[PDB]
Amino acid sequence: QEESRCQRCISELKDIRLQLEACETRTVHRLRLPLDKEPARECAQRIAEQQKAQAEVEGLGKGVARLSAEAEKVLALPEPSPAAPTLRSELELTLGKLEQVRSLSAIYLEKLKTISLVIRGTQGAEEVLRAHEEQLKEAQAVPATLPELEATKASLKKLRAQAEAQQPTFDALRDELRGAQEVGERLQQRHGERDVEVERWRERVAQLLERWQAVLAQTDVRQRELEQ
């Protein structure tokens, strides 16, 4: 009539392990998807989504704890039970899967958060560089008068000071990209999944650095022209 607690526990353990495996596959499919053409917004949205995913996993973990307690109660009865090894085996598989899915959920969330810092940081650097690149372009004009020359020279002095002052911004950007790269590598090493996102932002950072270096270098050239 009523099935044994042993058989019911085996069934429930298999069921919850399937739900964990589904969380797992879901997460793999997400982390394989590169950001598209609105990376800031998409990344914030995906972070929110992954925080929930991670909470769903923790709810399953509480189910696993409940089934583990029940399993151990059954396994502790003194009577012979040829089913006991199956119950033990299924418990240990479910417990292992839980840890694996927890790990993966946490590292993917971490990957998203580090990428989000690089994205924010690069978009900030763009807006400052644009201002500086325009000031420099304006300083390229030939001044008409001796007084305009002095204004151009003053504009360049200002520009150099402003551009040099961005040192902290670019140091932090490089650190953030380093952070993002390291997370991706650990995901690769621990879960065998390549980092589909980091190359885009490595290139972004590299180009922005080069533009910053060029503002500094060409400001110095232009200042030197006007002195001699």
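For every residue, the number given is its place in the sequence shown, counted from 1.
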Per the PDB entry, mean CA B-factor is higher for 154 to 162 or 91 to 99, namely for 154 to 162
Comparing 182 to 190 with 198 to 206, the one whose average Cα B-factor in the PDB entry is higher: 182 to 190
Deposited CA B-factor, highest of 118, 106, 112, 125: 125
Tertile call for residue 220 (CA temperature factor, within chain, third-based) is the highest
Within this chain, which third does the Cα B-factor at residue 25 fall in: lowest, middle or highest? middle
Please say which third, lowest, middle or highest, residue 176 falls into when its CA temperature factor is compared across its chain. lowest
For residue 45, the third of its chain by CA B-factor is the middle
How does the C-alpha B factor of residue 83 compare with the rest of the chain: lowest, middle or highest third? middle
